[PDB]
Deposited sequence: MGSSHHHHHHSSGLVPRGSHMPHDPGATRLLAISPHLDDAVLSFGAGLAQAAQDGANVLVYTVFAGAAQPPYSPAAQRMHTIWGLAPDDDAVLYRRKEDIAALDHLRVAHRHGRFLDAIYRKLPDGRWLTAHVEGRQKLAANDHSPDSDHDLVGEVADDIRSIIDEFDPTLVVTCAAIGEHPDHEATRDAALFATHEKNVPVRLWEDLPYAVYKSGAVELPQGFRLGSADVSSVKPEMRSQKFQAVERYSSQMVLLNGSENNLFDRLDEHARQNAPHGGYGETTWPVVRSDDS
């Protein structure tokens, strides 16, 4: 198996699908996590971006992208999977965009030759998540590579139906069964994203409790698991 995961930001793949990535690697798959919006940024930053940087524990004008890339390498190394950091700027530093992302994805498909691509459903409708998903759908459709979408975490813990580009639809939900030790490995990887843990934990300091409770609702035997859907072509498309 050659598994190409396509993450919008530096954290999403691990948050949403870290157990699936680590179990695929343990099973013997060749796993590569490409993050689209890992592009380098520099001052001048917007006041909103400066605000994010300070929340994350950096100076307002620090190189937050480099710090986050190092978090991602640490997290993905803990899952024993490879990384690839793309050129696109996170929405806080910003069809044209989607086309460029799709072009880069097609190049990566040619180089890595995945047997399966997994990316986000873009539950929560974040523009970068939608751009990532849509670009991945277009590139994989053109290259005839199968695709699955993961349930975006923690965004789906509260809110599930998404509008895909015309021609694509989802099959039935699959909820994986993840062993307690692999749950722990995932959560340990999530913790490597120190910058993001600030807001992910929130005032109740409860990210992992929330993720556990969400999974317990639908996963086999009330254990841990991750929801994904296969993508197929709609009729008349």
item	value
Deposited residues without C-alpha coordinates, grouped into stretches that follow sequence order	1 to 27, 122 to 149, 215
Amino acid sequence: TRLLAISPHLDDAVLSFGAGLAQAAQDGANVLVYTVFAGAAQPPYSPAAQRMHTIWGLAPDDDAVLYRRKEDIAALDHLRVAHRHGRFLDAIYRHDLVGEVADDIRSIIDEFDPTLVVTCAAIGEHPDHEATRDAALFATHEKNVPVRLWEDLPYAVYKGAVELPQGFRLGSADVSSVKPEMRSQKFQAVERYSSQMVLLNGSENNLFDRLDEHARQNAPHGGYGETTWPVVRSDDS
From here on, numbers count along this sequence of modelled residues.
item: Mean C-alpha B-factor comparison - 34 to 42 and 201 to 209, higher one; value: 201 to 209
item: 101 to 109 set against 79 to 87, stretch whose average Cα temperature factor tops the other in the entry; value: 101 to 109
item: Top residue by Cα temperature factor, when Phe187, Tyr193, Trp56, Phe168 are compared in the entry; value: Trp56
item: Cα B factor band for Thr132 (lowest, middle or highest third within the chain); value: lowest
item: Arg69 CA temperature factor, ranked by third within the chain; value: lowest
item: Modelled-residue ranking by C-alpha temperature factor, third containing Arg216; value: highest
item: For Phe138, the third of its chain into which the C-alpha B factor falls; value: middle
item: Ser7 - which third its CA temperature factor falls in, relative to the rest of the chain; value: lowest
